[PDB]
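In the entry's author numbering, the protein residues as written are 1 to 330.
Quick look at the structure:
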């Protein structure tokens with residue numbers, strides 16, 4: 001089997017991407033944030049505290065003939081941005097882009113933090129990291145991908161995120177029309193439950209490539225590119241007037257700037273992030289200070305190849321017995 005679904009930016013900054021997902025019988029379609037940095041499929045629901053729902057579409061398990069309470073199971077998750085959610089668990093039929101999993105754990109939110117409430121466009125998350133990070137207790141649950149894997153034509157999914165445009169998540173096949181040149185594969189460590197890999201270095205603009213190992217995660221659920229302070233300083237040093245602002249919470253730059261590109265290494269291959277991808281616009285409405293899309297990972301504890309990086313590539317998440325990650329230009 002295979003699946004193919006379009007993913008769409010939630011706003012003009014590509015802050016996140018939503019993908020329609022069919023849950024239950026008859027289908028209830030919710031727009032979920034596919035997150036390769038976590039491993040829970042959770043939804044706004046008929047059980048979510050009413051004051052914490054503001055425009056989201058909810059899953060109502062009582063209206064699904066295939067929903068079953070997973071008795072005794074609870075979940076609770078905290079994300080890197082400080083947001084959180086928790087609740088109980090149903091199993092139900094879940095389909096993405098024509099690919100169906102029966103008996104998927106659908107985690108129903110009883111509580112969500114303010115960041116989720118305030119984002120009316122995101123009806124929940126669909127985790128695509130390794131199932132060892134799943135938070136359901138006392139019986140840990142599998143991700144949608146893990147459950148689908150045995151039925152897939154090939155044990156892979158791909159992320160093809162757009163810059164200010166829709167893109168695609170495919171399951172079970174590699175669309176050879178979706179990228180240019182060849183795909184370069186690189187080793188993954190699953191030790192921390194992430195799609196963790198080592199970039200071979202970087203360049204700023206038209207500068208020389210610096211060969212240096214940068215361990216980090218491929219994380220579709222993180223907006224920006226978070227890299228070591230040394231790398232980030234070298235980037236922003238090439239932008240007149242750019243500075244790190246503790247009051248704003250990262251690097252800012254004059255909105256009048258033209259940003260240089262940023263290149264990262266994948267083995268001997270190179271992925272180029274255009275300068276425009278690194279512009280996250282005014283820090284507040286009407287400001288002439290703009291927020292940078294490359295930020296320091298210092299104090300996160302991990303480097304994160306978020307959407308800023310991933311949307312510059314066609315990315316293969318290879319869930320074969322020995323997992324790997326592939327990157328191609330597009």
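For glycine and all other residues, C-beta sits at the position ideal for the given N, C-alpha and C.
Distance between residue j and residue i (C-alpha atoms, nearest Å)
i	j	result
residue 146	residue 134	11 Å
residue 85	residue 40	11 Å
residue 66	residue 219	31 Å
residue 20	residue 106	15 Å
residue 254	residue 265	28 Å
residue 121	residue 2	26 Å
residue 325	residue 216	12 Å
residue 5	residue 99	9 Å
residue 205	residue 301	27 Å
residue 223	residue 308	6 Å
residue 232	residue 95	40 Å
residue 24	residue 46	14 Å
residue 48	residue 256	44 Å
residue 199	residue 12	29 Å
residue 112	residue 228	31 Å
residue 188	residue 286	42 Å
residue 109	residue 77	11 Å
residue 151	residue 212	39 Å
residue 239	residue 103	51 Å
residue 320	residue 132	16 Å
residue 181	residue 62	49 Å
residue 136	residue 207	47 Å
residue 201	residue 68	48 Å
residue 177	residue 10	26 Å
residue 22	residue 87	20 Å
Residue environment, residue i, which counts as buried when at least 16 other CB atoms sit within 10 Å
i	result
residue 192	exposed
residue 203	buried
residue 26	exposed
residue 237	exposed
residue 149	buried
residue 138	exposed
residue 175	exposed
residue 119	buried
residue 310	buried
residue 64	buried
residue 82	exposed
residue 281	exposed
Closest by C-alpha distance to residue i, when choosing among the options
i	options	result
residue 275	290, 259, 180	259
residue 306	3, 244, 38	38
residue 328	319, 268, 302, 300	268
residue 8	169, 61, 79, 184	169
residue 42	290, 80, 89, 273	89
residue 226	80, 28, 58, 44	80
residue 245	283, 114, 130, 118	283
residue 270	196, 48, 183	183
residue 14	196, 112, 279	279
residue 117	59, 196, 44	44
residue 179	16, 330, 18, 11	330
residue 97	108, 29, 104	29
residue 242	288, 11, 199	288
residue 292	235, 190, 304	235
residue 277	262, 285, 286	262
residue 92	115, 114, 60, 201	60
residue 322	208, 197, 17, 281	197
residue 336	272, 129, 62	Limits of the chain in this structure are 1 at one end and 330 at the other, which puts residue 336 out of reach.
residue 173	281, 181, 186, 154	154
residue 318	69, 62, 190, 136	190
residue 56	136, 207, 115, 230	115
residue 194	18, 129, 16, 69	129
residue 186	16, 207, 17, 214	214
residue 101	171, 290, 304, 303	171
residue 17	304, 290, 230, 221	221
Residue i beta carbon near the ligand ZN (any heavy atom closer than 8 Å)
i	result
residue 93	With respect to small molecules bound, the structure shown includes none, and the ligand ZN cannot be examined in it.
Can at least three beta-carbon pairs, one atom from the segment 50-62 and one from the segment 135-143, be found at a separation below 8 Å?
-> no
With a cut-off of 8 Å, do at least 3 Cβ pairs link the segment 122-130 to the segment 23-34?
-> yes
Spell out a yes or no on whether the segment 150-163 and the segment 303-318 are touching, meaning 3 or more CB-CB pairs, one atom from each, closer than 8 Å.
-> yes
Segments of 3+ residues assigned as beta strand (DSSP E) that fall wholly inside the segment 221-292 | 225-227, 243-245, 250-254, 262-266, 269-273, 279-282, 289-292
May I ask you to verify whether the segment 248-259 touches the segment 279-297, counting CB pairs closer than 8 Å and requiring at least 3?
-> Touching, yes.
Check whether the segment 164-173 touches the segment 62-81, taking contact to mean three or more Cβ pairs, one atom from each stretch, closer than 8 Å.
-> No: the two stretches stay apart, fewer than three of their Cβ pairs being nearer than 8 Å.
Whole beta strand (DSSP E) runs in the segment 107-188 with 3 or more residues, listed along the chain?
-> 124-127, 156-160, 167-171, 184-187
Considering only residues of the segment 45-79, which uninterrupted beta strand (DSSP E) runs meet the minimum length of 3 residues and lie entirely inside it, listed in chain order?
-> 68-78
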